6 protein chains.
Amino acid sequence: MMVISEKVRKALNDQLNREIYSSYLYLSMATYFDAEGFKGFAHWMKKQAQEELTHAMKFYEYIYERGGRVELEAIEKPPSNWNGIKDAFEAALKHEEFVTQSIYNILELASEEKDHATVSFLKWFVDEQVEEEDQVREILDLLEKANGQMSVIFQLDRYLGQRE
Amino acid sequence: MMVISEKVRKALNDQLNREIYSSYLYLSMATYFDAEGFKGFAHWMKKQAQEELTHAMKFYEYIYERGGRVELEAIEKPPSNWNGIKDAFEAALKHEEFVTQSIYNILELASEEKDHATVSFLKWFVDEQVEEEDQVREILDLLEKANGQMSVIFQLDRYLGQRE
Amino acid sequence: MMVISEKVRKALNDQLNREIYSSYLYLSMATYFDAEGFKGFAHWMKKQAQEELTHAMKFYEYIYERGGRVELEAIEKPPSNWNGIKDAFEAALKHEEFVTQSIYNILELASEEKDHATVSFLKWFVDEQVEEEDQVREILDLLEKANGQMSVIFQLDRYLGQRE
Amino acid sequence: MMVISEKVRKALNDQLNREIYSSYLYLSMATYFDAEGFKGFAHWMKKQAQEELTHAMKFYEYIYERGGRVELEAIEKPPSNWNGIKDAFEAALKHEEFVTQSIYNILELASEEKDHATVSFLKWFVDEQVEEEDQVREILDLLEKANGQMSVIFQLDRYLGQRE
Amino acid sequence: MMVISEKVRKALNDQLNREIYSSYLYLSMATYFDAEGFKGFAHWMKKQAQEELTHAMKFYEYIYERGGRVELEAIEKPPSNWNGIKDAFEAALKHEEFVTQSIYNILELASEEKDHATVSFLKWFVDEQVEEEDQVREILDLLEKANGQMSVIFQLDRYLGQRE
Amino acid sequence: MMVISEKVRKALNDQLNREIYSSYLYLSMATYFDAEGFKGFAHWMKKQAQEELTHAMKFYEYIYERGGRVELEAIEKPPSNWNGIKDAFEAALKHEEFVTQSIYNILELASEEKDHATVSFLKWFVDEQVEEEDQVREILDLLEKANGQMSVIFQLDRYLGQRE
Ligand SMILES: CCCCCCCCCCCCCCCCCCCC
Ligand SMILES: CCCCCCCCCCCCCCCCCCCC
Ligand SMILES: CCCCCCCCCCCCCCCCCCCC
């Protein structure tokens with residue numbers, strides 16, 4: 001039998017589908033950077049999309065570990081265009097903050113039910129949001145000092161294009 | 001400039017979005033096998049899902065090589081349930097034949113427009129479909145001989161669970 | 001001076017003694033499997049007994065780290081017999097669920113006394129119980145597909161006998 | 001089926017349960033030493049408990065080798081307190097000598113039934129008991145020699161804490 | 001945009017400054033032991049001072065991770081003398097227990113504001129405080145068993161002097 | 001007994017505390033650079049801070065080597081804000097020139113009192129000050145040629161972030 005409540009399973013399953021969309025969004029940011037000829041920024045976004053998928057699969061495996069089942073839902077069309085490099089990264093940061101708030105909501109739901117297993121499972125994602133939000137803020141800080149200077153954009157494109 | 005016609009770019013972009021869906025369908029087949037307790041069949045479907053993503057990124061990179069750009073569309077909800085192992089693998093076979101025919105249509109359109117560059121590019125996918133259809137047929141053939149014998153199904157699950 | 005409360009030290013010492021009993025119970029399940037001639041299942045139970053000893057010793061060392069003291073209590077006679085392989089596994093799963101709930105009680109006790117050190121110490125056991133329950137559920141699922149057919153029971157005996 | 005008499009099977013089964021207690025007693029001596037702050041003596045006692053477990057398991061496997069089966073019984077609450085280090089080690093010697101006589105009684109019983117297999121199996125424990133008794137006597141001798149000087153007790157605690 | 005509240009940034013910045021004082025305190029204890037000619041105890045205190053700096057720098061980096069900044073405050077003059085070795089270590093134990101309570105206060109504040117990121121970040125410091133308090137008690141227990149015998153003080157001096 | 005005069009013990013002890021403040025000042029400059037988003041300059045300051053600590057500890061050990069005693073004094077609150085990158089490095093240079101003059105004052109004092117050991121011991125610090133003043137002067141020269149230009153400042157930031 002399933003040892004998560006149906007309310008926590010649905011929250012976990014909802015977050016899994018949220019992570020699939022996040023991975024899709026970053027791929028669509030990659031389509032934008034490649035359309036604009038920034039292969040380094042695009043590469044960074046392709047790697048970010050891959051990383052979101054591994055988040056989704058950790059939700060996947062935890063649900064089955066607790067006797068639940070995953071049901072995949074429709075994935076909405078992401079935006080495909082942004083008003084330049086900095087605009088895209090601002091949309092990225094606002095998106096990560098939304099992901100953080102949705103993780104917090106599952107954590108508060110689980111602790112209200114005394115589902116300590118799920119509370120503990122979610123700590124990893126809380127810690128990762130701190131790092132992912134920070135990565136985007138640091139990039140935005142550089143774009144704000146760059147003030148559109150192409151000599152600095154180029155070096156930043158090549159640097160992010162080196163992401164492993 | 002873009003050197004593919006818009007018709008051929010649309011056909012290639014539509015196909016990229018079909019590979020994304022295919023990936024999502026195989027993941028959904030994995031949600032079914034894990035719910036049924038066949039983790040080796042599930043593992044096989046998770047690897048299949050990754051493989052279709054690499055097909056999508058191949059379309060992606062060629063589209064930008066030809067001066068086009070990619071637009072991600074919404075991903076329809078895949079089915080999540082089948083009436084057993086054979087049913088799921090038969091749904092996979094039927095899907096691969098649909099993907100194959102989709103590829104054929106692009107090839108016939110590109111060749112109608114004398115887009116020899118895209119005709120040549122598609123050869124890789126024609127050959128890949130031969131292998132992918134064959135792999136499902138092989139599993140269907142083994143499942144047919146197993147005929148519900150759990151002794152055979154167990155070893156089959158563990159063997160498919162070793163896919164790289 | 002002891003800086004855990006007497007109620008939290010008592011809860012921890014009680015849990016330590018529970019883990020000793022858990023180890024004894026699994027050893028007694030081993031006496032059952034060995035009597036029934038399943039040396040692989042018995043081997044699994046012996047390894048499970050050793051895992052519980054390490055749990056107890058972790059409670060042991062945290063109690064002294066916190067300035068407390070451990071007092072070993074009498075250990076009661078575990079059952080010696082089960083109505084079959086699954087009956088034994090079902091008993092193990094029920095016991096593991098009981099162990100999880102008693103871990104939850106110390107954590108809820110520690111959290112009300114604002115004993116954050118003990119709340120944090122217990123997170124490893126919450127995460128460990130998720131895996132322990134999952135292993136037994138997976139084994140129960142395979143015996144459930146095995147349906148008492150000895151050719152696959154033999155394979156599961158060999159598989160579980162390889163546990164390190 | 002069983003080729004030991006039930007009288008030697010129960011004698012062997014009693015000794016197995018005796019050895020489980022022996023291990024519990026040494027862990028309780030560890031709880032005492034850790035309470036007194038002698039982690040090296042406590043470490044030695046934890047290792048001594050481990051070794052008694054292997055003795056129990058050697059009886060365990062021989063019982064099944066001869067076609068019998070093991071039944072675990074309740075384990076008595078060991079003492080938790082002693083009036084000093086020598087007093088705890090004096091009780092250890094007290095007990096190892098009781099364990100030796102406990103083995104002698106099985107050997108004399110097996111020899112009366114002409115159960116030569118069980119007589120010969122017991123030779124190992126006779127030789128092992130000689131070593132374990134001397135182990136403690138040498139430790140007690142150094143304690144007498146220490147004459148309560150913490151300068152030498154600290155080195156003995158450090159020495160015994162090095163037990164592999 | 002700072003994503004810690006101002007009361008949590010202040011709590012964290014205050015704790016950073018407390019850690020700065022703590023290392024300074026341990027250095028001043030080192031000045032005492034060096035004046036008394038116990039270079040091993042002084043060496044231990046020098047290592048403890050360096051470890052508190054690493055604790056300060058982890059608050060430092062987390063504050064900037066969350067979008068805040070650090071403000072260094074004046075550091076009070078620590079005591080320069082103690083009534084003996086164990087008097088100094090007793091002050092150290094009382095100080096570490098004070099540091100632990102100040103970490104507890106930040107955690108309760110963060111969880112009241114539902115700042116799950118800071119609550120999770122603080123778990124490392126909760127666990128580390130358990131080991132820092134335990135380390136001092138073990139030393140006090142040894143100084144209490146030494147009872148001023150210099151034959152035992154000399155070996156504790158050189159023992160603590162090999163701290164890495 | 002002490003074989004430096006009290007007038008050189010205090011001059012040396014004052015300089016030890018002076019070096020502690022220097023280390024704190026450089027940390028404060030790191031808080032400013034990190035607040036401004038220049039992680040390379042911040043890294044340089046963090047390394048400069050720990051370099052000042054090794055200066056302090058060399059005074060520490062020489063004071064005890066001459067039969068003296070160290071007394072830690074209060075630490076003044078360092079400034080936290082500067083008008084810009086170059087102003088911070090200009091403040092660093094003016095501070096280093098002040099530290100050099102304070103070493104000069106100790107050296108002239110020791111010389112008048114014919115304390116040849118301290119005169120010779122201070123030679124290392126004189127030569128080291130030439131180096132520290134020179135590194136800051138070189139950085140100021142590049143910042144002056146940069147003339148506030150972010151493309152060149154970013155390169156200086158990356159270079160100084162590579163400091164070992
Ligand atoms: C090279 C980077 C490509 C990233 C593509 C991200 C696309 C996200 C939307 C589609 C996701 C559906 C399929 C997911 C399958 C995941 C399988 C993981 C197995 C471990
Ligand atoms: C050897 C494999 C089987 C082991 C079965 C153990 C069953 C539990 C016995 C009761 C507990 C006795 C005390 C054991 C203490 C061990 C402490 C080890 C510390 C290093
Ligand atoms: C060899 C022993 C060194 C002991 C140092 C004790 C320092 C006490 C606190 C003084 C102020 C410290 C300010 C500098 C912080 C340096 C941070 C280094 C890592 C970035």
Side-chain angles (χ1 to χ4, degrees), chain E residues 23-24 27-40 42-43 45-46 49-50 75 77-78 80-81 161, chain F residues 1-27 45 47-76 78 89-140 164:
Chain E
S23 69
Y24 207 40
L27 186 66
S28 168
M29 284 179 182
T31 76
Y32 161 61
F33 285 126
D34 270 313
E36 290 284 326
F38 292 114
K39 313 155 93 103
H43 165 86
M45 284 296 166
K46 285 151 186 178
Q50 269 301 147
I75 302 297
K77 179 180 177 163
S80 328
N81 204 62
Chain F
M1 275 144 26
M2 167 164 97
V3 81
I4 43 150
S5 84
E6 178 53 46
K7 245 176 108 189
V8 284
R9 198 216 53 96
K10 196 190 131 251
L12 292 164
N13 185 82
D14 291 351
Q15 186 63 17
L16 187 152
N17 285 283
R18 208 167 272 123
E19 297 288 345
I20 300 276
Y21 174 80
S22 322
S23 148
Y24 210 39
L25 178 60
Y26 286 124
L27 184 57
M45 287 302 171
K47 290 276 170 175
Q48 200 49 55
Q50 67 190 68
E51 192 177 272
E52 298 307 309
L53 286 187
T54 80
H55 289 209
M57 291 313 292
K58 291 191 29 72
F59 283 103
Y60 182 117
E61 298 297 342
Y62 175 74
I63 289 168
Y64 285 94
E65 220 172 350
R66 298 305 280 152
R69 175 177 204 140
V70 168
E71 182 176 358
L72 293 182
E73 292 300 330
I75 309 301
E76 264 165 16
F89 278 105
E90 274 156 21
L93 177 64
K94 173 138 148 302
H95 174 75
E96 281 311 314
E97 277 165 10
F98 159 76
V99 168
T100 297
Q101 186 63 53
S102 324
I103 286 138
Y104 282 8
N105 288 353
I106 311 169
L107 162 54
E108 294 162 12
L109 172 68
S111 186
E112 77 117 354
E113 285 196 16
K114 300 166 191 320
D115 176 5
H116 301 285
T118 291
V119 162
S120 173
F121 164 82
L122 288 171
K123 171 213 176 41
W124 186 88
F125 292 87
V126 162
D127 293 345
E128 200 64 24
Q129 282 313 104
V130 156
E131 281 185 23
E132 294 195 15
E133 292 182 19
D134 179 60
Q135 318 165 170
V136 177
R137 253 180 229 103
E138 169 167 5
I139 290 167
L140 284 167
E164 315 198 52

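All chains are named by letter (A, B, ...) in the order of the sequence lines, taking the proteins before the strands, and each is independently numbered beginning at 1.
Between F/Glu128 and F/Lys58, none of the side-chain N atoms (NZ, or NE/NH1/NH2) sits under 4.0 Å from a carboxylate O, so this pair counts as no salt bridge. Look at F/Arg9 and F/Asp14 and you find no salt bridge, because none of the NZ, NE, NH1 or NH2 atoms lies under 4.0 Å from a carboxylate O. Salt bridge annotation for E/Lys77-F/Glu71: present, with a cationic side-chain nitrogen under 4.0 angstrom from a carboxylate oxygen.
The shortest non-hydrogen separation linking F/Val119 to F/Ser111 is CG2-N, 3.6 Å. In terms of heavy-atom proximity, F/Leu93 sits nearest to F/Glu133 at CD1-O, 3.8 Å. Annotation for F/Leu109 and F/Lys7: closest pair CD2-O, 3.6 Å, computed over non-hydrogen atoms.
The residue from F/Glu96, F/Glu132, F/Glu97, F/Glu131 that alone fulfils the salt bridge (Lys or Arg N to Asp or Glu O under 4.0 Å) condition with F/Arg137 is F/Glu97.
Residues F/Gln48 and F/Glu51 bring a donor and an acceptor atom of their side chains to less than 3.5 Å of each other.
Checking side-chain atoms of F/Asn13 against main-chain N and O of F/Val70 turns up no donor-acceptor pair under 3.5 Å. Looking at F/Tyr24, its side chain never comes within 3.5 Å of a backbone N or O of F/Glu76 through a donor-acceptor pair. Side chain of F/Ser102 to backbone of F/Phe98: a donor-acceptor contact under 3.5 angstrom is found. Between the F/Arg69 side chain and the F/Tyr64 main chain, no donor and acceptor come within less than 3.5 Å of each other. A donor-acceptor pair is defined here as one N or O able to donate and one able to accept, closer than 3.5 Å; such a pair exists between the side chain of E/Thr31 and the backbone of E/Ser28.
Heavy atoms from other residues, nucleotides or ligands lying under 6.0 Å from CD of F/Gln101 number more than 12.
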Can F/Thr118 and F/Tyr62 be said to form a side-chain hydrogen bond (donor to acceptor under 3.5 Å, both in side chains), step by step? CA-CA 9 Å; F/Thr118 291; F/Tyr62 175 74; 2.6 Å; yes
Under the side-chain hydrogen bond (donor to acceptor under 3.5 Å, both in side chains) rule, what do F/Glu113 and F/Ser5 come out as? Steps first, then yes or no, please. CA-CA 9 Å; F/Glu113 285 196 16; F/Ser5 84; 2.6 Å; yes
